[PDB]
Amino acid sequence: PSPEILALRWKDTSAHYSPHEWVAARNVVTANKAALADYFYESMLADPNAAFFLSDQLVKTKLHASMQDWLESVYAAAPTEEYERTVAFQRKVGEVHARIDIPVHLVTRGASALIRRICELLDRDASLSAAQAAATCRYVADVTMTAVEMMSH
């Protein structure tokens, strides 16, 4: 659909959470982006269906950088009101994955592992209350699922 419609989708999803959630998620994710990208790659390697698309160290470096780029894209949208930019990024990742035939089940597998790991970081962050950790975790799951939907189209 139109950028406008997709941007409105991200905005509607984000609007259910407060700017404190948007910022707490952006802070924790961006502070741990390399570790998150490292964990994602190890998750892929440990799964034969995903490892089927992996090869050498050069591709490992590219995957790590692109994951860091995606984490920045996803978490920047709501607090910067750059909905249209994030939405185009998701459609581009989807087009790149589809052209190489990455099955959606592996994308959702990776997204599930990211949701849990980000949520663990939030529960460990001393500066967040348990209320804040849970609300930000809900936001994380919601934008992650929303991104997966956009990629899949």
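In case it trips you up, residue 1 is the first one in the sequence shown, and so on.
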Mean CA temperature factor from the deposited coordinates, higher in 27-35 or in 107-115? 27-35
The stretch whose C-alpha atoms carry the larger average B-factor in the entry, 9-17 or 129-137, is 9-17
Looking at the C-alpha B-factor of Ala147, is it in the lowest, middle or highest third of its chain? lowest
Sort the modelled residues of this chain by their C-alpha B factor and say whether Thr86 lands in the lowest, middle or highest third. lowest
Give the position of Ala77 by CA B-factor within its chain, expressed as the lowest, middle or highest third. middle
CA B-factor ranking of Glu120, expressed as a third of its chain: lowest
